[PDB]
Structures are given as structure tokens and as C-alpha cells.
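Novice: following this: a sequence and the matching experimental structure.
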Amino acid sequence: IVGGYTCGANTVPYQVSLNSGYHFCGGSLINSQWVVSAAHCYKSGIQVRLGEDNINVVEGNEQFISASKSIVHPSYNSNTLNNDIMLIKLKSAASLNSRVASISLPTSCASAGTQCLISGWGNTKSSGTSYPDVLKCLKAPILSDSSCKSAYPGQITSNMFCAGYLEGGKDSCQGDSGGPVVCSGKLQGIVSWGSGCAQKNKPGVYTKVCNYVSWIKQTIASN
Ligand SMILES: CC(C)[C@@H]1[C@@H]2[C@H](C(=O)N1Cc1ccc3c(c1)OCO3)[C@H](c1ccc(C(=N)N)cc1)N1CCC[C@@H]21
Ligand SMILES: [Ca+2]
């Protein structure tokens, strides 16, 4: 997260860290046994870390649970980043509490100008590398489709939306991939891609979760 603020310990209780010996992606808890992330975060050997604030210190409230299976959208395209979504099933159910809780799936799509909360442990610099210990937060609005398509001509599908600031300075970044975009208490996006971080006229691009609710529901019900 570039240009954000320190969320405060466990203030974003649905946020997870995907760990393979180091943090590499974010995700969102959607019930006690399933996490939603980005397809491009797929790898083998994922440990899901719940209840984290400082990802480098055991502070209490953490739960570490191995992934039992990861389900990449069957139509994910690694060239166009279309359908950049994945479900992760936990080997055992998380213990839900005030510090570890799920986020609701949307019943409808959010409109342009909706203000959302974006969070992650990714890089905090637009130039160069600086990874935080603790979770960072950013309030950002959903941009109109025309602005989004003007910024990334030819590259925006109906499964994507832009969020952020055209003037630059505030964006998600490397390491935030797969994390939540939460608007009015519902999960509307997944951190997917961008052109650098926090550059002018190059907002972040997010997977449009409201287009996948039926798919998520049906996939979880059969696994
Ligand atoms: C593995 C990919 C997804 C990678 C991913 C994310 C991304 O932007 N990619 C580059 C990419 C690939 C294909 C594309 C593309 C950008 O635009 C059109 O087609 C991702 C990334 C995510 C968000 C931002 C941002 N909000 N500025 C910027 C970058 N980067 C950071 C590390 C992983 C890498
Ligand atoms: Ca910790």
C-alpha cells in the first residue's frame, strides 16, 4: 500500500496473509474454511495466516492453517489477467472471533464513486522497496468505467474495475495482490494489477467480485 495509513491491530479481521516462508499475497476470509485471493497468487505450499498485524512477530491472535486445496478460476488467462480469482480451502476451520472474522460477498455491484477500504502488507514506496511489518490501509474510490478504459485502452474487461487516484501517490502495490477491496461492508474487489504503483493516470485494477458470486457459491458447495 502506497500512501496509506497503519490500520491498527486486527481492525481488518477478514484480511489474511498467504505465506510460503515469507508473505507473498493477501486474501480475504469469506467463511470459516474458505479464502478468496487472486489467481496469479497461485502456488503450492501455501500456509494461510489469520489474525495478523505484525507479520514478522508472533504477537497473539494468530492462526496458521495450511491450505488443503487451491482452485484457480478455470478460465483465468495469464496474458490478459481476466478472471483473476482463486478460492482456497483451509485444512481445518478457522476459529472465528473478534479478531478473525469473515467478510460478506456482495449482492450487487458497486457504483462509481463508492469509497472502499484496501489493505495489505505490500510495498509502501512508488520508487524502490520498503515492506511494512504491520498492516496498511487505504481509502480509495471506484472510478468510472470510462476513466478506467481511458487509462488502460484495450485492457479492461467486464470482470475488472479501476479504483484509486488519478493524481498518483496512493495505490496498492507489490505484495498487496489478492487482498480485499471492501465497500459498505461487502467484498467488491481483489487486488489484481496495475502499471507500477501510485503513478499518475495509472490507477490500480481490481477483479470485480460481484460477477463471481454464483461461481464462488457453487464451487464451495461442491468442495
Ligand atoms: C502476474 C501479473 C498479474 C503481475 C502482478 C500484478 C501486475 O500488475 N502484474 C503485471 C501485469 C501482467 C499482465 C498484464 C498487466 C500487468 O496489464 C495487462 O496484462 C502486480 C501488481 C498489483 C497491483 C499494482 C497496483 N495497484 N499498482 C501493481 C502491480 N505486480 C506486483 C507483483 C506481482 C505483479
Ligand atoms: Ca504476527
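Specialist: Cool, got the structure. Numbers count the residues shown, from 1 in each chain. Ligands and ions are numbered 1, 2, ... in the order given.

Novice: quick check: longest strand of the chain.
Specialist: Criterion DSSP state E: the longest strand present in the chain is strand 63-72.

Novice: how far away from the center of its chain is it?
Specialist: Counting by Cα atoms, centre = their mean, to the nearest Å, strand 63-72 is centred 16 Å from the centre of its parent chain.

Novice: kindly report the same for stretch 76-94.
Specialist: 11 Å.

Novice: what are the buried residues along that stretch?
Specialist: Residues 76, 81-90, 94 are the ones in stretch 76-94 that count as buried (16 or more other Cβ atoms under 10 Å). Heads up, the C-betas are built off the backbone N, CA and C, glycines and all.

Novice: between the residues you listed, which is nearest ligand 2?
Specialist: residue 94 (15.4 Å; Cβ to the ion).

Novice: so the closest one versus residue 67, what's the distance?
Specialist: 12 Å (Cβ to Cβ, to the nearest Å).

Novice: and what of residue 199?
Specialist: 33 Å.

Novice: likewise residue 119?
Specialist: For residue 119 relative to residue 67 (Cβ to Cβ), the value is 21 Å.

Novice: can you list the residues of this structure near ligand 2?
Specialist: 52, 54, 59 (Cβ under 5 Å from the ion).

Novice: so among those, which ones count as buried?
Specialist: residue 52.

Novice: can you put the residues of the chain next to ligand 2 in JSON lines and add distance to residue 203 and secondary structure?
Specialist: Below are these laid out as JSON lines (distance: Cβ to Cβ, whole Å; DSSP: H, G, I helix; E, B strand; the rest coil):
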{"residue": "52", "distance to residue 203": "27", "secondary structure": "coil"}
{"residue": "54", "distance to residue 203": "29", "secondary structure": "coil"}
{"residue": "59", "distance to residue 203": "33", "secondary structure": "coil"}
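
Novice: would you list every one of the helices in the chain?
Specialist: Along the chain, counting by DSSP state H, helices occupy 145-151, 213-221.

Novice: the first one: which residues count as buried?
Specialist: Of the residues in helix 145-151, those buried by neighbour count under the rule 16+ other Cβ under 10 Å are 148, 151.

Novice: what lies in contact with it?
Specialist: With Cβ atoms under 8 Å, 6 or more residues apart in numbering as the test, helix 145-151 has contacts from 112, 156, 160-162, 166, 201-203, 205.

Novice: repeat that for 10 Å
Specialist: Helix 145-151 has contacts (Cβ atoms under 10 Å, 6 or more residues apart in numbering) with 112, 142-144, 155-156, 158, 160-164, 166, 194-195, 201-203, 205-206.

Novice: so how far is stretch 194-213 from its chain's centroid?
Specialist: With Cα atoms, centre = their mean, you get 10 Å for stretch 194-213.

Novice: is ligand 1 contacted by that stretch?
Specialist: Yes. Stretch 194-213 lies within reach of ligand 1 by Cβ under 6 Å from any ligand atom, at 194, 197, 204.
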